[PDB]
Amino acid sequence: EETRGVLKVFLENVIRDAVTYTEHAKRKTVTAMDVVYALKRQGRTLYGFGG
DNA sequence: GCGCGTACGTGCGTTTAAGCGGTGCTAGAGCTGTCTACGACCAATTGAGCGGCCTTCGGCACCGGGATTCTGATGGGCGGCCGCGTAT
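Residues numbered from 1 in each chain as written, not as in the entry; some residues may be left out. Chains lettered and ligands numbered in written order. Part of a larger assembly, values for the part shown. Heavy atoms only, no water.

Going by the annotation in the PDB entry, the name recorded for chain A is Histone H4, with Xenopus laevis given as the source organism. As deposited in the PDB, this entry carries the title "Structure of two molecules of the chromatin remodelling enzyme Chd1 bound to a nucleosome".

Peer 1: Break down unusual backbone geometry for me, with residues and values.
Peer 2: Even without being a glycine, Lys-26 presents a positive backbone phi close to 65 degrees. With respect to the helices, strands and loops of the structure, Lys-26 is situated in the loop between α1 (2-24) and α2 (32-42). (Helix = DSSP H or I, 4+ residues; strand = E, 2+ residues; numbered from the N terminus.)

Peer 1: Tell me about the packing of α1 against α2, residues and numbers included.
Peer 2: Running from amino to carboxyl end, α1 crosses α2 at an angle of 120 degrees, the nearest separation of the two axes being 8 Å. Accordingly, the angle class assigned to the pair α1 and α2 is oblique. For the pair α1 and α2, the sense of crossing is right-handed. Contact residues: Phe-10, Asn-13, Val-14, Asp-17, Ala-18, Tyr-21 and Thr-22 in α1; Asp-34, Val-35, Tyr-37, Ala-38, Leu-39, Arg-41 and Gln-42 in α2. In the contact of α1 with α2, the residues fall into eight nonpolar, three polar and three charged. (Axes fitted to C-alpha atoms, helices over the stretch in contact; angles between N-to-C directions. Parallel < 35°, antiparallel > 145°, perpendicular 65-115°, else oblique. Left-handed = near helix turned anticlockwise from the far one by under 90°. Contact = heavy atoms within 4.5 Å. Nonpolar A, V, L, I, M, F, W, Y, C, P; charged D, E, K, R; others polar.)

Peer 1: Quick rundown of the protein's contact with DNA strand B? Include the residues and the values.
Peer 2: The local shell around DNA strand B consists of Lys-26, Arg-27, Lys-28 and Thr-29. For DNA strand B, the fraction of atoms within 4 Å of the protein that belong to sugar or phosphate moieties is 100%. A distance of 2.6 Å is found between a phosphate oxygen of DNA strand B and a backbone nitrogen or oxygen belonging to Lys-28. Here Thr-29 contributes a backbone N or O atom positioned 3.3 Å from a phosphate oxygen of DNA strand B. For the surface near DNA strand B, the per-class residue count stands at no nonpolar, one polar and three charged. (Near = heavy atom within 4 Å. Polar contact = N/O pair within 3.5 Å; in protein donor to acceptor, adjacent residues only side chain to side chain.)

See the structure below:
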């Protein structure tokens, strides 16, 4: 139960960062691309899927 | 170290819902195409900003003068010294 709470914490913040750009971009269908930059912000850079 | 307790791992059976590949639909990203507003650039004038330089009143904490309270030598008067001393 404890971890689910955190998992949620983490998703929330990242998706929070991600969603804004997508809105910024005048679109709904939020991209994988945002998922990542948003991750790069919080400080969890990912190698694999992007740009 | 040791001992008590119990909770969490390992199993089977029951059960529940992910993953698969099948189709359909249209939304929303991506492209594309024309206009023009807003930002860069160059100019000239102006005062906000920085170095240089020294300001004044208020607040913390040390202070100031005057009446008043407590301690000390002074002193006549009632008593006691019993022991040397003059007079008959």
